[PDB]
Structure formats: structure tokens, C-alpha cells
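Asker: All I have is the shape, not the residue letters:
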RNA sequence: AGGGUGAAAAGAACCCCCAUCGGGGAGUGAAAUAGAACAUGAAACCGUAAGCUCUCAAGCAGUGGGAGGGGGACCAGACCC
RNA sequence: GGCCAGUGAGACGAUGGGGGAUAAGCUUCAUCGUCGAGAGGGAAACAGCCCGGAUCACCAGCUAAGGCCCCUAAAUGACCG
RNA sequence: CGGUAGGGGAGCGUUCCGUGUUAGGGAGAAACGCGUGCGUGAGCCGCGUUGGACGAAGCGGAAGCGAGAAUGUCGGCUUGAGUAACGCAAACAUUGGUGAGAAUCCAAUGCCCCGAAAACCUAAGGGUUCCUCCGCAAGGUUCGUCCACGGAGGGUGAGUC
RNA sequence: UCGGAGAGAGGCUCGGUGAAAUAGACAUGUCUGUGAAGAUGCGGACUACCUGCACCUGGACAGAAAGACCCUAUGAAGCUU
């Protein structure tokens, strides 16, 4: 086994190297044309190569959700997860950033929604519909409230699940993602912070 | 003069099968079901070629919109298009969106000297 | 549901279970080694051992006790004469189960039982 | 070309034995040592084994006599079980209606294979990758090179 | 009572292969006994 | 209901597995990828081998877009899976 | 006027009425629209409503009906209530 | 230049005939399976493998001339599935033998079941099933060295039945 | 009432032999909405690794027999005056 394994791997390396030297691959920044001049990138609509959009290279964001509007925040969050943010957009793939939400339990809502709004899950039984209010749920598990608001705006389907994971909601103010240096989120809206 | 059919049947049903020989399961190998399915394949092709033309455009518009919103805080696709025709400038959506990808410098340059 | 119930049925009713155990016990005693199934063997250890134990106390009573069992006078007279000499030392457990290859026409598991 | 002399296709056929019940057994011995296979087939609890065993042993004896290579070398390369020639009894059933029961048959085939026929050639290619010993323009690299034929 | 359609293909393969794996298990066990047959056993 | 080995039975001496059946060498023959279940041998159906590929999925199974991977003893922005 | 067809179960909507209980996706007439025999876009899905009549190609453009927080193209546009 | 019923125009193929006992063909026809040619399409056209002798055009002719639907029809092969079942709950067990192989064939020993039968004779009917030696492809609801099965040879004697 | 225990024959597991009606294709979830007015397949949600075996029958307007009721055909046949 050993002999044939090492010998096989020595061929696998060489054949890997033979192709790596056959046509090369940029990143973004760049200028229209180059010394690639292979298949027509220019009259064929752009479509991302996996080499571009790897999950390490993706940007990060943090939202402090204190004294905000739940829905208005969530739309921007959804946008920044999708990648409609970015010029290089593609519906088929996720090329969007991550999002981190903190102080989810201090998020605000207009009108008489703190009592009247109901969050329902139905166990999947002949009896069990379980329905609890906004504030009642917030006392227990406030994470959901943001999380649920966001998932409703993301595109449901195989992608919808995968790029949902990118949301990171939290109860309190501090968060454990200091390593990633997540920058602050830009916010298109006038109504987004509450009157106070 | 009895006329057996023989040759004439499966010489066409081979051609029928030649289409469907990437299909998955029963559809690939069952004469009459292949004949039922090939038609539908061609119909979905013909239908989607016209969907293509509008859907690519719709993608391009989103690309351009995404690109242009990164300039001024209140500047937006809708205004951008009317600003192009205000200056008389016949760049179609394909070119605009593809330069927005492959050379964002050039969109910066077009954005700079359209405003004035 | 068979909790703490210990009885080897041998696929049969009580008619034929005792009929089996009796005859098997007789033949085993006669020949000294027999080939049978695992279950027919493993069930048989209560009755061979009981009868060898019965052959220790060779008395009018115990010979009739044993003679109701064997249905062959001349085997049970071999015991009583034989047993206390060639088993006097041994204190219980007069029976060995060697185990050998399934039966051809039914994959029935198979064994040997013989006196120790 | 890559083999051709690393085998002997013994194909004992018209065995009176359903194909699925033969594939219970033959799926286990596709790629084993021949010694091992024989030890398996005598202890296994199947009617299926006996005619298979007969053909394995006949095939190995065939290989030892005819092409004259060692039984300890060889393995079972390609085992394969195909549909035979079906016979159809018409049995009665309750209430006058009648149904067929079939006597199925099979065609068994076994391709044995010596390990060490093209070993002189393969062990020589323990020589590491960037070598290309260009002697007869290309030459005899014809012995199950296995891993790649990337020769553009 | 009665089947609505046929399972047809691929599903019947999946069903049969487990049954052949029963055979595989028996083969393993029979292989194990051959070594036991070689040496000792008293 | 059930025709078509070959020109010619030349229908397989001998050897091996082996109680038979049948099989592999040998021999005959233009051919035995014509071996008596024998001529051309389509489809369904059953496999074996290789290339890619499914175990958080939802699907009349395709279609437009196409990530990543593989080619064809013939150096293509071409073509195929 | 010659030669030679199908049709003779219709449906819904607007209006004018009858029958009904000015009930019915009810029924029967009269005038017109659509379906029937008509794809496409708006109406979540939705024959019969609105827009519009598919010879075919384009990875061009302008618009109708309808829309411009996100799912999902376009203003998280404006000023007054 | 949307189009159901429906009408009109223009074509493609199928086998056979005239031309033609044409050229083309055992340096490979018909067929069969594949084509990074062609056409608006039905279809056409070149390919080298399998195949082993038939037979293109072109101009014309004639029909048993084109199939997915008929609870069509004939043949093949699936699915259900390695599932239900294996035809009474009288009952088998052991030792030895035979043999390539035996729960199942033969022998012995036990044990059990029938006994106004599951006993032994006749009539009808079957029509060779009877006996012997051989065989085990098929048949026998499993196996099988065994058989009412297959092969080979035999066997039925009347004045009073 | 109000069930409980036990014996056989099955069922279950292993080996041997081996059917059937059924079957457009099946990659065959629940909720409510929609539609030839009662959807695994259409819309929105919800739920849900892939795959056996044992048990259970609510649905596939499950299978079986071109409704035997009802009505139609200038159908058939019996019976009556």
C-alpha cells in the first residue's frame, strides 16, 4: 500500500501542477482587459468563480439594535446578507457579508405591538398551536424576535437556509467575534431609529 | 403487395431517444414516455429563451443599481437612467452593468462627469 | 411474557415433549454418544443428570422411579450396576455438549451429547 | 491490452439457481484471495455456494493446468451472474384460476487474475514521477499502470 | 391491499442490496469460523 | 404453438476440473466474438466496469443561467459527460 | 352562382327585462365583450376581470395595464392633508 | 403569417414494378448500432465497426404504405418480492448402511396414530400405473441415492370364477 | 360489568422452494388558500438526515365488476288483457 500510495501522490502533485499552469485568475480591483484573452468575459454577463467569493474573505458587520425599529433594521440586514449591497451581485450564489446583532432584547417596535403581536408555532399535532406575545417571548428568548424577523425576509429555499446561518443574534451588549474586526453597518432610512 | 413496417419505426425513435439521453430515470429509456417528455423539454426551451431576454436585463438593472448606490447617499438607479438620457448617452444596460463589474473605475468616471 | 419461566419446549406439545426427552435419554444412555440439534441436546441435561443422580441411591423405590422413565428395562439395569463405580467421585454434571456443523437440508444447528 | 494474459474466464453455466440468491454469495467474493474464498464457501450456510465453489475450484485448477501459474498468487477479479433460460410451470389455485411458477436458471462467470504477472514491470515503476525514460520512443509501460493515463 | 404503482427501479435496487448485505454478514461469520476450526477447541 | 451450425458432420481424438451436467486447453474449419440452447441479433428487463455526483432535503423531474470536477493516441476562446 | 365542410350541449361579464325570494357559480330571452379556438404581462395561486392579439432570431431599446421597505424588477422620492 | 372543428396548397418516407440480368458490391450489400454534415420538417447524407450477400439513384408507376392511446391483439419481460404460501394440531426419535452429497432412500430399535378404517376383497372406471435393472435434465409445493417420473426388459394360463 | 392466565395452528427469526391481483411516469410531507367548487404535484407558510424491519388502516375520490338504482335508445326479452 505505502509504496503505491506515495508513488500515486507524487503523480497527483505533478498533474495538479501541470494544469495550475494553463490559464490564470485575478481578484476584483482589476482593469477591463488583461493578458488572459481567453473566453469572452466582456460580451457574456459576469458570473462568479468560486475562487472569488470564499467565506474567509467575506466582510462582517455589527448592528447595535438598541432603541431601533425591528422591521426597518431587518430589511437592511437582509440586504447586506444577500449581497444587493454589492455591485457584483448574483441571485444564484451568496456573495454577501455576515451580520452580528447585539442588544436584541432592547429592540423597539411601534404602535401597540408589544402586547397585541403574537408569535405562533404549531407543534404539528391535532391540538398544539402555541401562541405567545412579543414581550412575553422577549422575556424568555429575545434572540428569536430578531432572528425570526430576519429569516422571513431571506429567500426561502436551499440557499435561504445556508445564508441564514450568517446572522448572529445575541441577548446582551458584548459579543465574542472581536477576532473578525466586524465594522459598523450603513443604514438607509430616516424612520430607522425611534423618535426618542 | 404487403408492406411490413420494420425499419421506419425505431429509426425515428432512436432520434427521439437521442434528445432524452441525459434524463433521469424512466424518462430516459421508455419509448412512449420519452416521446411525451421530449416535447415538453422543447416547449420549456422555447418558453425560456424569451424569459432569458427579460431576466438578464433584470439582473443587469440590479447590478447597476447596486453599483450606483455606493456613490452619493441619496443617488439611485431611477435618477441615474434619466440623467443618462438628459445628457444624450446611449449605453445599454448590459455594457453599463458589465463595466460596473470588470472596471468600477469606469463607472466612477461616468458618474463623475454626468453630474457636473 | 416468559419472564422467569424456564422450560425447554422443543417446538412441541407436552404430549410429545416428554416423549422426545424420554427416548433421547434412553438412546443416549444406551449408545453413550448421540448427534442431535442444539436445543434437543441442551434441554436434555435435566433428565440425563436426574437419572444418573437417581442411579446413586440404588433401591427398590428408585429403580421403579427410573423405570417409569426409560421404557427399556435392560438399559436401566445397566445403570445402578454401572453408575456408582464409574461416577462415584463425580458430583453432578455428567453430560458434555460438543457442537458440530449445521444439518444440510434445513440449516438446523447441530450438536453432540454424550456421557462425561 | 492492459492484461489479456492475467486471467482465465471459466464460465460454468445453466446452473439451476435463481440469480438473486446467487448474487447473495458472489457479491462477497468479488475481489478476494482464492484460498480465502474456498474457506468461505465450504463453511457458508447457503445452497448457493456449492455450484459456485465447484466453479471456483474448477477455474483455479483450469488456471494451474492450462496457463500454468500458482494458485496462491491469484484472485477473483470479475464475478458476474446473468439471467438464464426460464421454465414455466402452471400451478392451480383456489376457485378455478391458475398462476405460473417459474424455475429460474443462471449463467455464472468468474474471471480469475494473477497478482504478480505484471509485477516486474510495476515494481520497476517505484521510480518517482519526473523520469520519462524515453528508450523505444515510448516502450512497455503496458501492465496496469492503474493511477493515471495523462499522456497528452 | 393492492399496490398503486410500481416501484420500478432504483428503489428495488436499494431494497435488494440490504438483503445481499445479510449475505455479506453471514460470509463474515463463516470466515471467522474457519480460523476457529484451525487449532485447539477442547 | 413450435423453420434457417456449416460448403462439407469436418459435430470436438487427447489433456485438465470431474459421480453427472457443464466448462477450459487441444484438434477440425474461411469463421467455434458458427459449439448443437449453434445464422443477422433491435427494445424492454437483468447485471459488471470506468468518469463525475447526491445523507437539512420539498421534488411531472425538465428547461434558461451555470459553480467545481472529468475528457478524446488528433496542440480548440471549439466540442462532450 | 358552382364544388365541398363542420356546427346545431355553449359559458361567464356589462346593460335592458322576464321567472325566482328583484336568493343562487340558478334559469330564459334581447344588445355587446372575452373564453370557447388566445399564448404573453397585471391580478399571491385563479378559462371567462384589466392590458394586449404569439411568423422566427437578438445576453438591444421604448412603453400598456399595474407597480417602486425585504422575499421579488423599479423612489426607505418629494410637498400638503 | 395565434388558432379547435374544419377546408385548400406543397412535400417526405415505406415495399413492390418499368428503366435494369444498370454501377455499386466477399478489397464487404441488406441490416444493426453511432455522427462537433445538411433541411422549415417529415427526412437526407458520409462514416468505419458488428454483419455476411444483395442491390442506389434519377425519371416514372402501384399500394396489405407511416401508430401511443381502441378495459385493442400476439409475443417477450418487469413490479408486488426474495414477500404470501408450502394442502389439517396422528409424531416422531435414534444407531447403522448406501452414496460425490441424506431431516427426507434402506435396515434395526424405540415411540405414537388408525382398526364398521387410514384393514383386506370385489363392480364401474382407468388403461400398463404391476414386477425387475438402470437414470435423475424436467415432473414431486423443500431435498432425494427414492418414486404412480424417464429409459430398457418382462408379467394377466380356467370345462366348474 | 372487566378483563386475566395458559395449550395448540399461525404470526416473528434462520435455511430450502417460491406465487398473486395491481402498476401513465413517479425524486409520492402537514397546514390553510386556490382550482371541474374535496390537491404529495398550483400559491403562501410550516415541518422535515438517508434507509430497513415489526405492527396499525385515515388518505391515495385504494383494488375488484364499461352501475344491477335513476334516466335515455322510435334497444332486446318475458308476462298480461
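Answerer: It's in. Numbering: from 1, shown residues only, chains lettered A, B, ... in the order given.

Asker: got the residues of chain B near chain E?
Answerer: B:25-26 (Cβ under 8 Å from any Cβ of the partner chain). Placement of C-beta: from N, CA and C, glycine included.

Asker: hmm, try it at 10 Å
Answerer: B:24-26, B:29-30 (Cβ under 10 Å from any Cβ of the partner chain).

Asker: Just the buried ones among the residues you listed, please.
Answerer: Buried subset of these (neighbour count, 16 or more other Cβ atoms under 10 Å in any protein chain shown): empty, as none qualifies.

Asker: Rebuild those as a markdown table, extending it with distance to residue A:115 and secondary structure.
Answerer: A markdown table is the format used below for the residues of chain B next to chain E (distance: Cβ to Cβ, whole Å; DSSP: H, G, I helix; E, B strand; the rest coil):
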| residue | distance to residue A:115 | secondary structure |
| --- | --- | --- |
| B:24 | 53 | coil |
| B:25 | 54 | coil |
| B:26 | 56 | helix |
| B:29 | 62 | coil |
| B:30 | 61 | coil |
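
Asker: Check those residues against RNA strand H and report the nearest one.
Answerer: Nearest to RNA strand H, judged by Cβ to the nearest atom of the strand, of those is residue B:30 at 9.1 Å.

Asker: wait, what's in contact with the residue nearest to residue A:104 when sequence neighbours are not counted?
Answerer: With sequence-adjacent residues excluded and distances taken as Cβ to Cβ, 6 or more residues apart in numbering or on different chains, residue A:104 is closest to residue A:146, at 4.6 Å. Going by Cβ atoms under 10 Å, 6 or more residues apart in numbering or on different chains, residue A:146 touches A:63, A:65, A:68, A:70, A:73-74, A:77, A:99, A:101-105, A:107, A:167, A:169-170.

Asker: Report the outermost residue of chain D with respect to its centre.
Answerer: For chain D, the residue at maximal distance from the C-alpha centroid (Cα atoms, centre = their mean) is residue D:95, at 47.9 Å.

Asker: Just say helix, strand or coil for it.
Answerer: helix (DSSP: H, G, I helix; E, B strand; the rest coil).

Asker: So it versus chain B, what's the distance?
Answerer: Residue D:95 sits 36 Å away from chain B, going by Cβ to the nearest Cβ, to the nearest Å.

Asker: Tell me how many other residues crowd residue 21.
Answerer: In the absence of a named chain, this looks at chain A. Using other Cβ atoms under 10 Å in any protein chain shown, the number of residues around residue A:21 comes to 7.

Asker: sorry, should have said chain E
Answerer: Residue E:21: 14 neighbours (other Cβ under 10 Å).

Asker: quick revisit: okay, the residue nearest to residue A:104 and RNA strand G: tell me how far apart.
Answerer: Per Cβ to the nearest atom of the strand, to the nearest Å, residue A:146 is found 14 Å from RNA strand G.

Asker: do the same with residue A:81
Answerer: Distance from residue A:81 to RNA strand G, by Cβ to the nearest atom of the strand: 9 Å.
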